[PDB]
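Take a look at the structure below.
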Amino acid sequence: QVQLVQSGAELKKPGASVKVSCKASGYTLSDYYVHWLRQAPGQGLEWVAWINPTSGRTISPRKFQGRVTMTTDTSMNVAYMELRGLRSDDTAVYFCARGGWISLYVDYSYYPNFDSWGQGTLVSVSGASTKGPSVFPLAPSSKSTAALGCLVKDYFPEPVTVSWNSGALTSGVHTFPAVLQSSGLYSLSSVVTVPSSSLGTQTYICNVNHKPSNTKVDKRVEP
Amino acid sequence: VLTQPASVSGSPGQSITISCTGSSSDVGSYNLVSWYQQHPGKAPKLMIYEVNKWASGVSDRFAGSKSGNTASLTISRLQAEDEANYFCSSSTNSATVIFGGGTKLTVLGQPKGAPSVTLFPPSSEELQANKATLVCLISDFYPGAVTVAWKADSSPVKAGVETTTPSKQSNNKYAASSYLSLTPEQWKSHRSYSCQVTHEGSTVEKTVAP
């Protein structure tokens with residue numbers, strides 16, 4: 001029953017602030033140290049702070065000593081982390097974790113005993129502004145069942161939703177998670193495998209939809 | 001950062017030792033070493049705490065020791081659901097926590113779940129619009145760890161590459177994708193480009209040409 005639930009993924013321009021929350025249930029947040037670590041995608045863990053929710057006392061490494069502001073709202077069993085001056089190296093999953101029991105007579109603050117984790121909160125950094133996608137057909141191999149698809153290139157922000165033949169084709173459809181490019185934009189692709197003899201007779205269309213720029217693209221794919 | 005071996009590889013039954021090297025101001029000066037286990041999508045999980053003590057729900061497979069400034073996690077009667085990451089951590093004397101760089105482990109007692117790879121060349125409509133994107137779609141692989149390499153002809157290519165981290169497919173296997181950005185002139189002026197996905201020592205390579 002001890003559970004920590006973090007706020008949803010976020011996105012900030014470089015030079016901007018982010019704030020992440022961490023809701024506790026199954027226990028009283030202020031009875032235990034809260035630790036914050038972080039994990040850049042495909043990188044390792046970096047411990048970033050501990051905070052005593054009763055006193056407000058908070059130690060961070062020299063690295064995070066002026067950028068970070070930990071706070072709590074124990075009325076809500078919520079912990080907060082605020083990180084200033086974001087840059088692309090600030091891009092990672094931020095984890096909160098529950099550490100030792102808080103007591104004046106025994107110090108467990110710096111104990112790395114994290115017996116409970118949040119699921120993590122992805123923060124992305126990008127100087128990118130809304131942008132509609134460019135949709136290109138992915139022609140079936142001409143050799144090839146047959147794989148065909150759609151490339152949904154250089155859009156912002158998420159999500160692009162995708163269907164095929166207005167939903168009349170679902171079997172063998174695989175729409176891939178978007179990659180977050182260094183340019184700051186997203187691309188994704190959606191691929192479907194179809195019987196080879198269906199080419200030339202069955203038309204195929206991917207229905208790309210990007211609400212954030214109010215665009216809809218129904219792209220015809222062909223050999 | 002505490003120093004770990006970037007990678008260790010093993011086999012069932014037999015044992016593995018993972019190392020952690022710090023300083024007298026952390027690992028040497030306390031019995032506060034903790035070993036964390038983490039799998040591709042999940043959050044880290046506590047195995048060993050305070051050097052050697054067992055966390056709830058952890059086998060004696062895992063044991064913890066310390067030699068002056070070196071922490072070690074010995075693992076015995078090996079299984080296969082490891083296949084992922086081991087991070088070490090120690091209190092410091094500045095009242096902080098320091099983590100090791102992460103032993104990325106690669107056990108072998110499971111079969112696999114080899115990746116289906118699909119490589120698409122730039123579309124005519126894209127080249128026509130003076131860009132080019134090679135798309136490499138990688139699916140159905142388990143365990144969710146992959147390295148992706150691109151080559152133009154026979155030689156490696158590292159610029160213009162964006163590659164996702166592996167994320168769970170709806171089958172309890174994994175997917176990822178990798179994009180190669182090219183100038184239409186680059187694309188035209190090569191025998192071929194290739195996407196090569198490396199999984200568990202094994203490699204799959206898909207190749208396209210203009």
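In the structure tokens, chains take letters A, B, ... by order of appearance, with residues numbered from 1 within each chain and ligands from 1 in the order shown.
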Chain B residues near chain A (9 Å cut-off, only C-alpha atoms) as a PyMOL selection string: chain B and resi 1+32-34+42-46+49-50+55+87+89-102+118+120-126+133+135+137+161-165+167+175-179
Written selection (N, CA and C atoms) as a short mmCIF file (atom, residue, chain, number, x, y, z; two decimals), in the first residue's frame:
```cif
data_model
loop_
_atom_site.label_atom_id
_atom_site.label_comp_id
_atom_site.auth_asym_id
_atom_site.auth_seq_id
_atom_site.Cartn_x
_atom_site.Cartn_y
_atom_site.Cartn_z
N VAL B 1 30.82 10.59 -8.80
CA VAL B 1 30.43 9.26 -9.29
C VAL B 1 31.32 8.11 -8.81
N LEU B 32 27.06 2.19 4.78
CA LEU B 32 25.82 2.63 4.13
C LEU B 32 25.90 2.50 2.62
N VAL B 33 26.22 1.29 2.16
CA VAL B 33 26.20 0.97 0.74
C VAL B 33 24.86 0.33 0.36
N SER B 34 24.28 0.78 -0.74
CA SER B 34 23.05 0.18 -1.23
C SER B 34 23.12 -0.20 -2.69
N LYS B 42 11.17 0.16 -15.85
CA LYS B 42 10.82 0.33 -14.45
C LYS B 42 11.68 1.37 -13.73
N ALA B 43 11.41 1.53 -12.44
CA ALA B 43 12.22 2.37 -11.57
C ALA B 43 13.20 1.44 -10.85
N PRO B 44 14.31 1.98 -10.32
CA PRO B 44 15.26 1.17 -9.56
C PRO B 44 14.57 0.45 -8.40
N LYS B 45 15.05 -0.74 -8.05
CA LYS B 45 14.53 -1.47 -6.91
C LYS B 45 15.66 -1.80 -5.92
N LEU B 46 15.37 -1.67 -4.63
CA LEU B 46 16.37 -1.96 -3.60
C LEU B 46 16.57 -3.47 -3.45
N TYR B 49 20.94 -3.32 1.29
CA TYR B 49 21.04 -2.03 1.95
C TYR B 49 21.98 -2.12 3.13
N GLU B 50 22.66 -1.01 3.44
CA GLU B 50 23.68 -1.00 4.48
C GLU B 50 24.69 -2.13 4.28
N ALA B 55 16.89 -6.62 1.61
CA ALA B 55 15.57 -5.97 1.55
C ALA B 55 14.53 -7.06 1.40
N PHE B 87 23.09 -0.53 -10.03
CA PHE B 87 23.69 0.72 -9.56
C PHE B 87 24.07 0.55 -8.10
N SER B 89 25.32 2.63 -4.43
CA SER B 89 25.14 3.94 -3.83
C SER B 89 25.67 3.94 -2.41
N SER B 90 26.26 5.06 -1.98
CA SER B 90 26.79 5.17 -0.62
C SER B 90 26.49 6.55 -0.07
N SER B 91 26.34 6.66 1.25
CA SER B 91 26.29 7.97 1.88
C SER B 91 27.68 8.57 1.75
N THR B 92 27.74 9.89 1.78
CA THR B 92 29.03 10.57 1.76
C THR B 92 29.16 11.26 3.09
N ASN B 93 30.26 11.98 3.30
CA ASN B 93 30.42 12.70 4.55
C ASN B 93 30.02 14.16 4.42
N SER B 94 29.47 14.52 3.27
CA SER B 94 28.85 15.83 3.14
C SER B 94 27.35 15.65 3.29
N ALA B 95 26.98 14.50 3.85
CA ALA B 95 25.59 14.16 4.11
C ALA B 95 24.81 14.10 2.78
N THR B 96 25.46 13.58 1.76
CA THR B 96 24.78 13.38 0.50
C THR B 96 24.81 11.91 0.10
N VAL B 97 24.18 11.60 -1.04
CA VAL B 97 24.21 10.27 -1.60
C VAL B 97 24.92 10.31 -2.95
N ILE B 98 25.80 9.34 -3.18
CA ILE B 98 26.53 9.23 -4.43
C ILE B 98 26.19 7.88 -5.11
N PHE B 99 25.95 7.90 -6.41
CA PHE B 99 25.66 6.65 -7.13
C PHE B 99 26.79 6.28 -8.07
N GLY B 100 27.02 4.98 -8.22
CA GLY B 100 27.94 4.49 -9.22
C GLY B 100 27.41 4.73 -10.62
N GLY B 101 28.27 4.59 -11.63
CA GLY B 101 27.88 4.79 -13.01
C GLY B 101 26.93 3.75 -13.61
N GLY B 102 26.84 2.58 -12.98
CA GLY B 102 25.89 1.56 -13.38
C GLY B 102 26.48 0.39 -14.15
N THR B 118 12.92 -3.40 -39.90
CA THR B 118 12.44 -2.94 -41.19
C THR B 118 13.11 -1.62 -41.49
N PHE B 120 13.31 1.51 -44.21
CA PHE B 120 12.75 2.21 -45.37
C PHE B 120 13.75 3.28 -45.86
N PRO B 121 13.99 3.34 -47.19
CA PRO B 121 14.75 4.39 -47.89
C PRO B 121 13.96 5.69 -47.93
N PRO B 122 14.62 6.82 -48.26
CA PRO B 122 13.89 8.10 -48.37
C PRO B 122 12.78 7.96 -49.40
N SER B 123 11.63 8.58 -49.14
CA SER B 123 10.52 8.50 -50.09
C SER B 123 10.81 9.50 -51.21
N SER B 124 10.35 9.21 -52.43
CA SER B 124 10.53 10.13 -53.56
C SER B 124 10.02 11.52 -53.22
N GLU B 125 8.90 11.58 -52.52
CA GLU B 125 8.30 12.86 -52.20
C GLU B 125 9.21 13.66 -51.26
N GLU B 126 10.00 12.96 -50.44
CA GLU B 126 10.88 13.65 -49.49
C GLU B 126 12.12 14.17 -50.19
N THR B 133 15.34 10.85 -45.22
CA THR B 133 15.32 10.23 -43.91
C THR B 133 15.25 8.72 -44.07
N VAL B 135 14.62 5.29 -42.29
CA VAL B 135 13.84 4.87 -41.13
C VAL B 135 14.03 3.40 -40.81
N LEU B 137 12.84 0.50 -38.25
CA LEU B 137 11.82 0.10 -37.26
C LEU B 137 12.17 -1.27 -36.69
N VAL B 161 21.76 10.87 -36.72
CA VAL B 161 21.07 9.73 -36.16
C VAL B 161 20.29 10.11 -34.91
N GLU B 162 19.00 9.80 -34.90
CA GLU B 162 18.18 9.88 -33.70
C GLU B 162 17.62 8.48 -33.42
N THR B 163 17.74 8.02 -32.18
CA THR B 163 17.34 6.67 -31.83
C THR B 163 16.61 6.66 -30.50
N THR B 164 15.43 6.05 -30.49
CA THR B 164 14.61 6.04 -29.28
C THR B 164 15.24 5.11 -28.26
N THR B 165 14.85 5.23 -27.01
CA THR B 165 15.14 4.16 -26.07
C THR B 165 14.10 3.08 -26.27
N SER B 167 11.12 0.83 -25.75
CA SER B 167 9.91 0.95 -24.93
C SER B 167 9.03 -0.26 -25.19
N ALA B 175 9.96 -2.34 -28.58
CA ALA B 175 10.18 -1.70 -29.86
C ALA B 175 11.13 -0.52 -29.71
N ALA B 176 11.75 -0.12 -30.81
CA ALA B 176 12.52 1.12 -30.88
C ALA B 176 12.63 1.51 -32.34
N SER B 177 13.10 2.72 -32.60
CA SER B 177 13.24 3.14 -33.98
C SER B 177 14.41 4.08 -34.10
N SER B 178 14.99 4.14 -35.29
CA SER B 178 16.15 4.98 -35.45
C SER B 178 16.06 5.69 -36.79
N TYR B 179 16.36 6.98 -36.76
CA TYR B 179 16.25 7.79 -37.97
C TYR B 179 17.62 8.26 -38.42
#
```
Residues within 12 Å of residue 15 in chain B, only C-alpha atoms, excluding chain neighbours under 3 positions, as a PyMOL selection string: chain B and resi 8-12+18+61-63+73-79+107
Only N, CA, C and O atoms, please: the residues just picked out, written as a PDB file, in the first residue's frame.
```pdb
ATOM      1  N   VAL B   8      29.068  -6.384 -17.576  1.00  0.00           N
ATOM      2  CA  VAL B   8      29.473  -7.702 -17.132  1.00  0.00           C
ATOM      3  C   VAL B   8      28.513  -8.676 -17.787  1.00  0.00           C
ATOM      4  O   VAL B   8      27.345  -8.350 -17.978  1.00  0.00           O
ATOM      5  N   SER B   9      29.017  -9.847 -18.170  1.00  0.00           N
ATOM      6  CA  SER B   9      28.201 -10.853 -18.836  1.00  0.00           C
ATOM      7  C   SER B   9      28.386 -12.200 -18.137  1.00  0.00           C
ATOM      8  O   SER B   9      29.466 -12.476 -17.606  1.00  0.00           O
ATOM      9  N   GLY B  10      27.341 -13.030 -18.122  1.00  0.00           N
ATOM     10  CA  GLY B  10      27.377 -14.276 -17.367  1.00  0.00           C
ATOM     11  C   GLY B  10      26.545 -15.442 -17.896  1.00  0.00           C
ATOM     12  O   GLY B  10      26.278 -15.541 -19.100  1.00  0.00           O
ATOM     13  N   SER B  11      26.128 -16.314 -16.975  1.00  0.00           N
ATOM     14  CA  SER B  11      25.507 -17.604 -17.290  1.00  0.00           C
ATOM     15  C   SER B  11      24.897 -18.207 -16.011  1.00  0.00           C
ATOM     16  O   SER B  11      25.412 -17.953 -14.915  1.00  0.00           O
ATOM     17  N   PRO B  12      23.801 -19.002 -16.140  1.00  0.00           N
ATOM     18  CA  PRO B  12      23.028 -19.547 -15.005  1.00  0.00           C
ATOM     19  C   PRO B  12      23.865 -20.307 -13.999  1.00  0.00           C
ATOM     20  O   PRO B  12      25.041 -20.543 -14.254  1.00  0.00           O
ATOM     21  N   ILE B  18      29.882  -8.022  -8.884  1.00  0.00           N
ATOM     22  CA  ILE B  18      29.864  -6.656  -9.406  1.00  0.00           C
ATOM     23  C   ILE B  18      30.564  -5.706  -8.433  1.00  0.00           C
ATOM     24  O   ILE B  18      30.319  -5.756  -7.223  1.00  0.00           O
ATOM     25  N   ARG B  61      20.759 -15.215  -3.299  1.00  0.00           N
ATOM     26  CA  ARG B  61      21.478 -15.094  -4.567  1.00  0.00           C
ATOM     27  C   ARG B  61      22.384 -13.874  -4.443  1.00  0.00           C
ATOM     28  O   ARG B  61      23.594 -13.957  -4.652  1.00  0.00           O
ATOM     29  N   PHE B  62      21.779 -12.758  -4.041  1.00  0.00           N
ATOM     30  CA  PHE B  62      22.467 -11.485  -3.875  1.00  0.00           C
ATOM     31  C   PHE B  62      23.091 -11.368  -2.486  1.00  0.00           C
ATOM     32  O   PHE B  62      22.408 -11.524  -1.472  1.00  0.00           O
ATOM     33  N   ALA B  63      24.393 -11.102  -2.442  1.00  0.00           N
ATOM     34  CA  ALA B  63      25.064 -10.830  -1.175  1.00  0.00           C
ATOM     35  C   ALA B  63      25.976  -9.625  -1.333  1.00  0.00           C
ATOM     36  O   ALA B  63      26.536  -9.390  -2.418  1.00  0.00           O
ATOM     37  N   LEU B  73      28.817  -6.690  -4.960  1.00  0.00           N
ATOM     38  CA  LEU B  73      27.595  -7.485  -4.979  1.00  0.00           C
ATOM     39  C   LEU B  73      27.897  -8.820  -5.651  1.00  0.00           C
ATOM     40  O   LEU B  73      28.108  -8.888  -6.870  1.00  0.00           O
ATOM     41  N   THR B  74      27.924  -9.880  -4.852  1.00  0.00           N
ATOM     42  CA  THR B  74      28.086 -11.231  -5.382  1.00  0.00           C
ATOM     43  C   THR B  74      26.705 -11.862  -5.594  1.00  0.00           C
ATOM     44  O   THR B  74      25.828 -11.781  -4.725  1.00  0.00           O
ATOM     45  N   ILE B  75      26.508 -12.466  -6.763  1.00  0.00           N
ATOM     46  CA  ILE B  75      25.236 -13.108  -7.093  1.00  0.00           C
ATOM     47  C   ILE B  75      25.432 -14.595  -7.462  1.00  0.00           C
ATOM     48  O   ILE B  75      26.264 -14.921  -8.306  1.00  0.00           O
ATOM     49  N   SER B  76      24.680 -15.489  -6.814  1.00  0.00           N
ATOM     50  CA  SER B  76      24.841 -16.938  -7.015  1.00  0.00           C
ATOM     51  C   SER B  76      23.547 -17.638  -7.443  1.00  0.00           C
ATOM     52  O   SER B  76      22.464 -17.056  -7.341  1.00  0.00           O
ATOM     53  N   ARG B  77      23.670 -18.887  -7.907  1.00  0.00           N
ATOM     54  CA  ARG B  77      22.534 -19.648  -8.436  1.00  0.00           C
ATOM     55  C   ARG B  77      21.795 -18.796  -9.485  1.00  0.00           C
ATOM     56  O   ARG B  77      20.560 -18.746  -9.515  1.00  0.00           O
ATOM     57  N   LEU B  78      22.583 -18.125 -10.330  1.00  0.00           N
ATOM     58  CA  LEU B  78      22.102 -17.162 -11.331  1.00  0.00           C
ATOM     59  C   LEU B  78      20.819 -17.578 -12.035  1.00  0.00           C
ATOM     60  O   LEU B  78      20.619 -18.753 -12.346  1.00  0.00           O
ATOM     61  N   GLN B  79      19.953 -16.607 -12.290  1.00  0.00           N
ATOM     62  CA  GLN B  79      18.774 -16.851 -13.109  1.00  0.00           C
ATOM     63  C   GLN B  79      18.856 -16.080 -14.443  1.00  0.00           C
ATOM     64  O   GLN B  79      19.883 -16.132 -15.125  1.00  0.00           O
ATOM     65  N   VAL B 107      23.316 -11.129 -18.791  1.00  0.00           N
ATOM     66  CA  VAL B 107      23.264 -12.585 -18.518  1.00  0.00           C
ATOM     67  C   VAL B 107      22.832 -13.427 -19.740  1.00  0.00           C
ATOM     68  O   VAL B 107      22.342 -12.887 -20.734  1.00  0.00           O
TER      69      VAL B 107
END
```
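Using only C-alpha atoms for every distance, the candidate list A:31, A:158, A:222, A:107 yields A:158 as the residue closest to residue 9 in chain A.
Ranking A:66, A:100, A:159, A:56 by their shortest atom-to-atom distance to residue 85 in chain A, with only C-alpha atoms included, puts A:66 first.
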Residue 205 in chain A environment, 6 Å, only C-alpha atoms, sequence neighbours closer than 6 positions dropped, as a VMD selection string: chain A and resid 164 to 165 219 to 221
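Across B:106, B:171, B:183, B:72, the tightest approach to residue 21 in chain B is made by B:72 when counting only C-alpha atoms.
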